[PDB]
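Take a look at the structure below.
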Amino acid sequence: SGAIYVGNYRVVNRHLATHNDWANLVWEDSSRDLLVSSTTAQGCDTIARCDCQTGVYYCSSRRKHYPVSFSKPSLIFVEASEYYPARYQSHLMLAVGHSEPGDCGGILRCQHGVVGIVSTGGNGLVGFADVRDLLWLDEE
Ligand SMILES: [Zn+2]
């Protein structure tokens with residue numbers, strides 16, 4: 001589990017979104033596994049605005065933050081998981097590392113802020129849903 005709290009936005013994995021998230025929906029995209037809902041309280045996370053390919057992610061199933069290199073956001077074929085069939089997922093970045101379903105929502109961060117959240121795992125790879133192209137999170 002996990003979210004990003006920026007401004008009056010909460011960013012979560014679409015497959016972990018709550019009723020309250022859908023009841024306060026701003027934007028959602030199944031192909032990216034993302035959903036954004038509106039918040040009453042201001043959040044303090046900063047979204048990275050950059051093309052970094054190195055950062056650090058939180059892996060809840062190891063209680064550890066791991067430094068990783070990660071790929072550029074792309075349309076990636078993902079094997080079936082407990083929460084999606086095998087499919088193409090868009091705006092996804094891969095690293096070599098551990099990720100199980102409970103790790104979804106863990107933050108990937110670089111020197112500029114939050115890059116994205118864990119979304120995929122298996123075959124020794126971890127996949128992150130990028131948020132750096134969602135420039136509207138920074139405003140309004
Ligand atoms: Zn960066």
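All residue names refer to the structure tokens as shown: chains lettered A, B, ... in order, residues numbered from 1 in each chain, ligands numbered from 1 in order.
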Please provide as number ranges by chain all residues within 9 Å of residue A:138, with the sequence filter that same-chain residues fewer than 5 positions apart are discarded (counting only C-alpha atoms).
A: 6-7, 46-47
Convert the current residue selection to file output with N, CA, C and O atoms, as a compact mmCIF listing (two decimals), in the first residue's frame.
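selection.txt, freshly written:
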```txt
# COMPACT_ATOMS: atom_id res chain seq x y z
N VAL A 6 0.26 15.35 -2.72
CA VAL A 6 0.80 16.62 -3.26
C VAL A 6 -0.35 17.61 -3.37
O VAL A 6 -1.38 17.28 -3.98
N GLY A 7 -0.21 18.83 -2.81
CA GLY A 7 -1.30 19.78 -2.92
C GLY A 7 -2.57 19.21 -2.35
O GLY A 7 -2.51 18.60 -1.29
N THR A 46 6.68 16.46 -2.89
CA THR A 46 7.05 17.14 -4.14
C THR A 46 7.17 16.10 -5.25
O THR A 46 7.93 15.11 -5.06
N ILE A 47 6.57 16.33 -6.40
CA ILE A 47 6.72 15.43 -7.55
C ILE A 47 8.00 15.82 -8.27
O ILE A 47 8.25 17.02 -8.53
```
DSSP helix (DSSP H, G or I) residues within chain A, as a list in words
residues 14, 15, 16, 19, 20, 21, 22, 23, 30, 31, 32, 101, 102, 103, 135, 136, 137 and 138 of chain A
What are the nearest atom pairs, with distances in Å to one decimal, for all residues of chain A that come at most 7 Å from ligand 1, using only C-alpha atoms and all ligand atoms, set out by chain and rising residue number as a tab-separated table?
```
residue	atom	partner	partner_atom_place_in_ligand_line	distance
A:48	CA	ligand 1	1 (Zn)	5.5
A:49	CA	ligand 1	1 (Zn)	6.4
A:50	CA	ligand 1	1 (Zn)	4.6
A:51	CA	ligand 1	1 (Zn)	6.0
A:52	CA	ligand 1	1 (Zn)	4.2
A:110	CA	ligand 1	1 (Zn)	4.6
A:111	CA	ligand 1	1 (Zn)	5.2
A:112	CA	ligand 1	1 (Zn)	4.4
A:113	CA	ligand 1	1 (Zn)	6.6
```
Distance query stretch 67-74 of chain A at most 6 Å, only C-alpha atoms, self and fewer than 5 positions along chain excluded, as a count of residues only:
10
One decimal, in Å: what's the spacing between atom CA of residue A:35 and atom CA of residue A:97?
24.2 Å
Contact residues around residue A:87 with only C-alpha atoms at 9 Å, ignoring same-chain residues under 3 positions, as a short mmCIF file (atom, residue, chain, number, x, y, z; two decimals) with N, CA and C atoms, in the first residue's frame:
```cif
data_model
loop_
_atom_site.label_atom_id
_atom_site.label_comp_id
_atom_site.auth_asym_id
_atom_site.auth_seq_id
_atom_site.Cartn_x
_atom_site.Cartn_y
_atom_site.Cartn_z
N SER A 31 -4.78 1.78 -17.70
CA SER A 31 -3.57 1.38 -18.45
C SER A 31 -2.30 1.76 -17.66
N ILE A 76 4.88 -1.50 -21.45
CA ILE A 76 5.62 -2.72 -21.04
C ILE A 76 4.58 -3.83 -20.94
N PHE A 77 4.85 -5.01 -21.48
CA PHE A 77 4.02 -6.21 -21.21
C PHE A 77 4.33 -6.73 -19.80
N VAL A 78 3.29 -6.84 -18.98
CA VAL A 78 3.38 -7.28 -17.58
C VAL A 78 2.67 -8.63 -17.49
N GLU A 79 3.30 -9.62 -16.87
CA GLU A 79 2.66 -10.93 -16.59
C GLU A 79 1.51 -10.74 -15.60
N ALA A 80 0.62 -11.71 -15.59
CA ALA A 80 -0.54 -11.72 -14.68
C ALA A 80 -0.03 -11.55 -13.26
N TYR A 84 -4.16 -7.93 -11.70
CA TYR A 84 -4.40 -7.67 -13.14
C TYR A 84 -4.06 -8.92 -13.95
#
```
I'd like the neighbourhood of residue A:108 as a ChimeraX atom specification, where a residue qualifies if any of its atoms comes within 7 Å (using only C-alpha atoms), though same-chain residues fewer than 6 positions away should be ignored.
/A:55-58,114-117
Just write the chosen residues, N, CA, C and O atoms, as a short mmCIF file (atom, residue, chain, number, x, y, z; two decimals), in the first residue's frame.
```cif
data_model
loop_
_atom_site.label_atom_id
_atom_site.label_comp_id
_atom_site.auth_asym_id
_atom_site.auth_seq_id
_atom_site.Cartn_x
_atom_site.Cartn_y
_atom_site.Cartn_z
N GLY A 55 17.36 6.25 -8.56
CA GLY A 55 16.64 6.72 -7.38
C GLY A 55 16.62 5.61 -6.35
O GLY A 55 17.45 4.72 -6.37
N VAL A 56 15.71 5.79 -5.42
CA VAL A 56 15.59 4.88 -4.26
C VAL A 56 14.12 4.57 -4.11
O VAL A 56 13.32 5.47 -4.12
N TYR A 57 13.75 3.29 -3.94
CA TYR A 57 12.34 2.91 -3.72
C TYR A 57 12.20 2.19 -2.38
O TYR A 57 13.13 1.50 -1.94
N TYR A 58 11.00 2.31 -1.85
CA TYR A 58 10.63 1.60 -0.61
C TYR A 58 9.96 0.28 -0.96
O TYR A 58 8.95 0.24 -1.64
N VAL A 114 9.40 12.83 -5.79
CA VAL A 114 8.73 11.53 -6.01
C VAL A 114 8.62 11.31 -7.51
O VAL A 114 8.07 12.14 -8.26
N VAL A 115 9.15 10.21 -7.98
CA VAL A 115 9.15 9.81 -9.40
C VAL A 115 7.88 9.02 -9.72
O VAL A 115 7.35 9.15 -10.84
N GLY A 116 7.48 8.14 -8.80
CA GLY A 116 6.31 7.30 -9.04
C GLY A 116 6.18 6.30 -7.92
O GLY A 116 6.78 6.49 -6.85
N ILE A 117 5.26 5.33 -8.09
CA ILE A 117 4.95 4.35 -7.04
C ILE A 117 5.04 2.95 -7.62
O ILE A 117 4.77 2.75 -8.80
#
```
Using only C-alpha atoms, can you tell me which of A:104, A:136, A:89, A:40 comes closest to residue A:75?
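The closest residue to residue A:75 is A:89.
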Nearby residues (only C-alpha atoms) at most 10 Å from stretch 12-26 of chain A, same-chain spacing under 2 positions excluded, as an MDAnalysis selection string
chainID A and resid 1:5 9:10 28:39 83:84 104:106 116:119 129
So that I have them on file, write out the residues from the current selection with N, CA, C and O atoms, as a JSON list (two decimals), in the first residue's frame.
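New file result_23.json:
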```json
[["chain", "number", "residue", "atom", "x", "y", "z"],
["A", 1, "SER", "N", 0.85, -1.21, 0.00],
["A", 1, "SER", "CA", 0.00, 0.00, 0.00],
["A", 1, "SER", "C", 0.88, 1.25, 0.00],
["A", 1, "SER", "O", 2.09, 1.15, 0.32],
["A", 2, "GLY", "N", 0.27, 2.39, -0.30],
["A", 2, "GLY", "CA", 0.96, 3.68, -0.21],
["A", 2, "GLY", "C", 0.40, 4.68, -1.17],
["A", 2, "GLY", "O", -0.18, 4.31, -2.20],
["A", 3, "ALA", "N", 0.60, 5.94, -0.89],
["A", 3, "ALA", "CA", 0.12, 7.04, -1.73],
["A", 3, "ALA", "C", 1.12, 8.18, -1.79],
["A", 3, "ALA", "O", 2.01, 8.24, -0.93],
["A", 4, "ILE", "N", 0.87, 9.07, -2.71],
["A", 4, "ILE", "CA", 1.58, 10.35, -2.82],
["A", 4, "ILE", "C", 0.57, 11.43, -2.45],
["A", 4, "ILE", "O", -0.57, 11.39, -2.96],
["A", 5, "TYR", "N", 0.98, 12.39, -1.64],
["A", 5, "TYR", "CA", 0.10, 13.49, -1.18],
["A", 5, "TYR", "C", 0.74, 14.78, -1.64],
["A", 5, "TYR", "O", 1.74, 15.21, -1.01],
["A", 9, "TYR", "N", -4.16, 16.73, -3.73],
["A", 9, "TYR", "CA", -4.27, 15.46, -4.50],
["A", 9, "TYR", "C", -3.68, 14.31, -3.70],
["A", 9, "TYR", "O", -2.67, 14.46, -2.99],
["A", 10, "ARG", "N", -4.33, 13.14, -3.83],
["A", 10, "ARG", "CA", -3.83, 11.85, -3.32],
["A", 10, "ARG", "C", -3.67, 10.95, -4.54],
["A", 10, "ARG", "O", -4.65, 10.75, -5.31],
["A", 28, "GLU", "N", -8.25, 9.13, -13.46],
["A", 28, "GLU", "CA", -7.83, 7.72, -13.32],
["A", 28, "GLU", "C", -7.53, 7.15, -14.68],
["A", 28, "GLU", "O", -8.10, 7.61, -15.72],
["A", 29, "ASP", "N", -6.61, 6.18, -14.69],
["A", 29, "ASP", "CA", -6.20, 5.54, -15.95],
["A", 29, "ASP", "C", -5.80, 4.11, -15.65],
["A", 29, "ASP", "O", -4.74, 3.89, -15.03],
["A", 30, "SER", "N", -6.63, 3.15, -16.07],
["A", 30, "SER", "CA", -6.40, 1.70, -15.88],
["A", 30, "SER", "C", -5.07, 1.28, -16.50],
["A", 30, "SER", "O", -4.34, 0.50, -15.87],
["A", 31, "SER", "N", -4.78, 1.78, -17.70],
["A", 31, "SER", "CA", -3.57, 1.38, -18.45],
["A", 31, "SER", "C", -2.30, 1.76, -17.66],
["A", 31, "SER", "O", -1.30, 1.06, -17.83],
["A", 32, "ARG", "N", -2.37, 2.78, -16.77],
["A", 32, "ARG", "CA", -1.21, 3.23, -15.96],
["A", 32, "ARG", "C", -1.29, 2.68, -14.54],
["A", 32, "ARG", "O", -0.36, 2.91, -13.76],
["A", 33, "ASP", "N", -2.40, 2.04, -14.18],
["A", 33, "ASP", "CA", -2.67, 1.67, -12.76],
["A", 33, "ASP", "C", -2.59, 2.89, -11.82],
["A", 33, "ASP", "O", -2.11, 2.71, -10.69],
["A", 34, "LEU", "N", -3.10, 4.04, -12.22],
["A", 34, "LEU", "CA", -3.12, 5.22, -11.33],
["A", 34, "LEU", "C", -4.54, 5.76, -11.14],
["A", 34, "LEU", "O", -5.35, 5.73, -12.10],
["A", 35, "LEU", "N", -4.74, 6.34, -9.97],
["A", 35, "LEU", "CA", -5.95, 7.10, -9.69],
["A", 35, "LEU", "C", -5.52, 8.22, -8.76],
["A", 35, "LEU", "O", -4.71, 8.02, -7.85],
["A", 36, "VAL", "N", -6.12, 9.36, -9.01],
["A", 36, "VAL", "CA", -5.92, 10.58, -8.21],
["A", 36, "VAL", "C", -7.26, 11.04, -7.69],
["A", 36, "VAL", "O", -8.21, 11.19, -8.50],
["A", 37, "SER", "N", -7.29, 11.28, -6.40],
["A", 37, "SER", "CA", -8.49, 11.81, -5.73],
["A", 37, "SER", "C", -8.15, 13.15, -5.07],
["A", 37, "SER", "O", -6.96, 13.52, -4.89],
["A", 38, "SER", "N", -9.16, 13.94, -4.75],
["A", 38, "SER", "CA", -8.98, 15.25, -4.08],
["A", 38, "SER", "C", -8.98, 15.06, -2.56],
["A", 38, "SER", "O", -9.62, 14.14, -2.02],
["A", 39, "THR", "N", -8.20, 15.90, -1.87],
["A", 39, "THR", "CA", -8.02, 15.88, -0.40],
["A", 39, "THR", "C", -8.51, 17.22, 0.19],
["A", 39, "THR", "O", -8.41, 18.25, -0.47],
["A", 83, "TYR", "N", -3.74, -8.98, -9.11],
["A", 83, "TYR", "CA", -4.72, -7.89, -9.25],
["A", 83, "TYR", "C", -4.93, -7.47, -10.71],
["A", 83, "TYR", "O", -5.87, -6.69, -10.96],
["A", 84, "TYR", "N", -4.16, -7.93, -11.70],
["A", 84, "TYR", "CA", -4.40, -7.67, -13.14],
["A", 84, "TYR", "C", -4.06, -8.92, -13.95],
["A", 84, "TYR", "O", -3.18, -9.69, -13.58],
["A", 104, "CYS", "N", 2.96, -2.55, -3.70],
["A", 104, "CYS", "CA", 2.35, -1.48, -4.50],
["A", 104, "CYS", "C", 2.14, -0.27, -3.64],
["A", 104, "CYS", "O", 1.66, -0.37, -2.50],
["A", 105, "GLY", "N", 2.46, 0.89, -4.20],
["A", 105, "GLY", "CA", 2.26, 2.16, -3.50],
["A", 105, "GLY", "C", 3.54, 2.67, -2.87],
["A", 105, "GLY", "O", 3.60, 3.86, -2.50],
["A", 106, "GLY", "N", 4.58, 1.85, -2.78],
["A", 106, "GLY", "CA", 5.87, 2.33, -2.27],
["A", 106, "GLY", "C", 6.46, 3.40, -3.17],
["A", 106, "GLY", "O", 6.37, 3.29, -4.39],
["A", 116, "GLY", "N", 7.48, 8.14, -8.80],
["A", 116, "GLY", "CA", 6.31, 7.30, -9.04],
["A", 116, "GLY", "C", 6.18, 6.30, -7.92],
["A", 116, "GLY", "O", 6.78, 6.49, -6.85],
["A", 117, "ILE", "N", 5.26, 5.33, -8.09],
["A", 117, "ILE", "CA", 4.95, 4.35, -7.04],
["A", 117, "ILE", "C", 5.04, 2.95, -7.62],
["A", 117, "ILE", "O", 4.77, 2.75, -8.80],
["A", 118, "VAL", "N", 5.40, 2.02, -6.77],
["A", 118, "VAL", "CA", 5.44, 0.60, -7.17],
["A", 118, "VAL", "C", 4.07, 0.21, -7.72],
["A", 118, "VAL", "O", 3.03, 0.50, -7.07],
["A", 119, "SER", "N", 4.08, -0.50, -8.82],
["A", 119, "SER", "CA", 2.84, -0.98, -9.48],
["A", 119, "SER", "C", 2.95, -2.43, -9.92],
["A", 119, "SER", "O", 1.85, -3.08, -10.03],
["A", 129, "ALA", "N", 4.90, 3.00, -11.62],
["A", 129, "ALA", "CA", 4.02, 3.91, -12.38],
["A", 129, "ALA", "C", 4.59, 5.32, -12.27],
["A", 129, "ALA", "O", 4.62, 5.90, -11.18]]
```
